[PDB]
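Student: Input: one structure, supplied below.
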Amino acid sequence: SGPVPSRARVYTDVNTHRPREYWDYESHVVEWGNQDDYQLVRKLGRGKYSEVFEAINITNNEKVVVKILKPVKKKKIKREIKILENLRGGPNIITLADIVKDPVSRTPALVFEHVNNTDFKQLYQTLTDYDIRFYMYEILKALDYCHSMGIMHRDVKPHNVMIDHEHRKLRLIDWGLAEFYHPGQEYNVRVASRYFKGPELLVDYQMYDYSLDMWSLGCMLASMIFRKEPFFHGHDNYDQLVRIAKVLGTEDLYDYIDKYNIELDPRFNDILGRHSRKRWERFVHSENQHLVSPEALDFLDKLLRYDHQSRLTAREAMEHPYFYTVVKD
Amino acid sequence: XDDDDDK
Ligand SMILES: *C(=O)CCCCCCCn1cnc2c(Br)c(Br)c(Br)c(Br)c21
């Protein structure tokens, strides 16, 4: 009775060998900067957790991005900050330059290095087969680093990947959902955006790990090489699992939930149906044929798997023949 | 976004 436990197959026990300070973010003391050093230029957007602005560091006259947090539990702000400090300097991790107290909101404001990002909707229409492989490898460097530091991103999606295409620069941003991986810990399944939620979240399996990020990256890859954005376009969280099952098949879905003794929400009874696994070539056509290769499909196939334990790790993914043609460094 | 976290 109850679900079967699960462990990450890599980087399992990294946090228990660190000192308590590394992962116990509740006791982290935030070192504050000076909010006067930054002038807000224009608002870039806002979600449920923050407001984001382009700003200028008035001292060195450099452009920055300021994330003004909305009031949330102090432990969650400390979690994002402690994760940003732990990962600072890592490959393709956005750099947290400063932390100030916003005088209006009275909440913390995070100052980030600026990236000349082109929005992904316009940019992805111009990416070549080589560009997709190049940037995918760059994303994998960031994911492998943070996984090796005991951290799941949990919100991998195009809007959290800043790309300066003119200078071949890529940064992984928005660590507000990131958590430390502790083996056997049951996590909140309400993470990531709908289109990039792993099946473990969609079936309410709480004991997931880094491999969640690899499913989300597989979603990004499928969307880029097939020119279908997003690839699994569910109308809600339940239709999202149906969308996956229409491509991967219901057989492997039931094998997955049976392995972990998971019981699906009975509202799937009348919507899930019976579907065979589709061959990837059905999504190939004249307009995306130049982005599809045997290597790309094998790689995608090893990422988009129901069983989180069977997906490629970030480190394994970088060894895939899909990246042989990419010049490194 | 489009979801929300606490754990
Ligand atoms: C869900 O509610 C998503 C709301 C997303 C708003 C994103 C705005 C753009 N953004 C956010 N952080 C950014 C950083 Br850090 C940098 Br650096 C840059 Br260049 C941008 Br455009 C950022």
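Line by line, the protein sequences are chains A and B.
So the first sequence is residues 3 to 331, counted in our numbering.
So the second sequence is residues 44 to 50, counted in our numbering.
Beta carbons are placed, not taken as given, at the ideal position from N, Cα and C, and that holds for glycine.
Chain D beta carbons: is any one of them nearer than 7 Å to that of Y207/A?
Tutor: Going by chain labels, chain D is absent from the structure shown, which instead holds the protein chains A and B.
Student: Specify, as a first and last residue, the run of the beta strand (DSSP E) that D166/A falls within.
Tutor: Element bounds for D166/A: 163-166.
Student: Does the beta carbon of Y210/A come closer than 7 Å to any beta carbon on chain B?
Tutor: Not one chain B Cβ lies under 7 Å of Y210/A.
Student: State whether the region 126-139 of chain A contacts the region 87-95 of chain A, with contact taken as three or more CB pairs (one from each stretch) at a distance under 8 Å.
Tutor: no
Student: Mind checking the region 186-201 of chain A against chain B and listing, in chain order, the residues whose C-beta falls within less than 7 Å of any C-beta there?
Tutor: From the region 186-201 of chain A, only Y189, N190, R192, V193, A194, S195, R196 have a Cβ closer than 7 Å to chain B.
Student: Buried or exposed: which applies to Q127/A, given that a residue is buried once 16 or more other Cβ atoms fall within 10 Å of its Cβ?
Tutor: exposed
Student: Distance cutoff 7 Å, beta carbons only. Does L86/A sit that close to anything in chain B?
Tutor: no
Student: Can you tell me whether DSSP reads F55/A as helix, strand or coil?
Tutor: strand
Student: Nearest by alpha-carbon distance to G251/A: which of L302/A, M216/A, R281/A, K76/A is it?
Tutor: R281/A
Student: Considering only C-alpha positions, which residue in the set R20/A, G152/A, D39/A, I227/A is nearest to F285/A?
Tutor: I227/A
Student: How would you list, in chain order, the residues of chain B whose beta-carbon sits under 7 Å from the beta-carbon of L179/A?
Tutor: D48
Student: Is it true that the CB of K45/A sits closer than 7 Å to the CB of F55/A?
Tutor: Cβ distance < 7 Å, so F55/A and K45/A count as in contact.
Student: Where does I70/A land, buried or exposed, given buried means 16+ other C-beta within 10 angstroms?
Tutor: Classification for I70/A: buried.
Student: Any chance the CB of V163/A is under 6 Å from a heavy atom of ligand 1?
Tutor: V163/A Cβ: outside cutoff for every heavy atom of ligand 1.
Student: Helix, strand or coil: which one does DSSP assign to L129/A?
Tutor: coil
Student: What beta strand (DSSP E) runs, 3 residues minimum, are completely inside the region 48-119 of chain A?
Tutor: 52-59, 64-71, 98-103, 110-115
Student: On the premise that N36/A lies in contact with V102/A, defined as a C-beta separation below 8 Å, what is that separation, rounded to the nearest angstrom?
Tutor: 6 Å
Student: Per the DSSP calculation, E181/A is bridged to which residue(s)?
Tutor: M154/A
Student: On the DSSP letters alone, give me the boundaries of the beta strand (DSSP E) that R173/A sits inside.
Tutor: 171-174
Student: Considering only the beta carbon of each residue, do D157/A and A194/A sit closer than 7 Å?
Tutor: Going by beta carbons, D157/A and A194/A fall inside the 7 Å limit.
Student: Could you give the C-beta distance for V117/A and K171/A, rounded to a whole number, given that I count them as a contact under 8 Å?
Tutor: 6 Å
Student: Hey, would you say the C-beta of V158/A is under 6 Å away from at least one heavy atom of ligand 1?
Tutor: no
Student: Closest by CA to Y13/A, which one among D38/A, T130/A, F182/A?
Tutor: It is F182/A whose Cα lies nearest to the Cα of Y13/A.
Student: By the 10 Å Cβ neighbour count, where 16 or more other Cβ atoms means buried, how is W25/A classified, buried or exposed?
Tutor: buried
Student: Roughly how many angstroms lie between the CA atoms of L293/A and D131/A, to the nearest whole one?
Tutor: In a straight line, the C-alpha of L293/A is about 5 Å away from that of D131/A.
Student: By the 10 Å Cβ neighbour count, where 16 or more other Cβ atoms means buried, how is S278/A classified, buried or exposed?
Tutor: With a threshold of 16 other beta carbon atoms within 10 Å, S278/A falls short and is exposed.
Student: Could you tell me the distance, in whole angstroms, from the CA atom of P185/A to the CA atom of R20/A?
Tutor: 14 Å
Student: Buried or exposed: which applies to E28/A, given that a residue is buried once 16 or more other Cβ atoms fall within 10 Å of its Cβ?
Tutor: exposed
Student: Taking contact to mean at least 3 C-beta pairs separated by less than 8 Å, is the region 150-165 of chain A in contact with the region 299-309 of chain A?
Tutor: no
Student: By the 10 Å Cβ neighbour count, where 16 or more other Cβ atoms means buried, how is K123/A classified, buried or exposed?
Tutor: exposed
Student: Out of curiosity, what's the CA-to-CA distance linking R196/A and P232/A?
Tutor: 10 Å
Student: With distances taken from CA atoms, which of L204/A, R173/A, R48/A is nearest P268/A?
Tutor: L204/A
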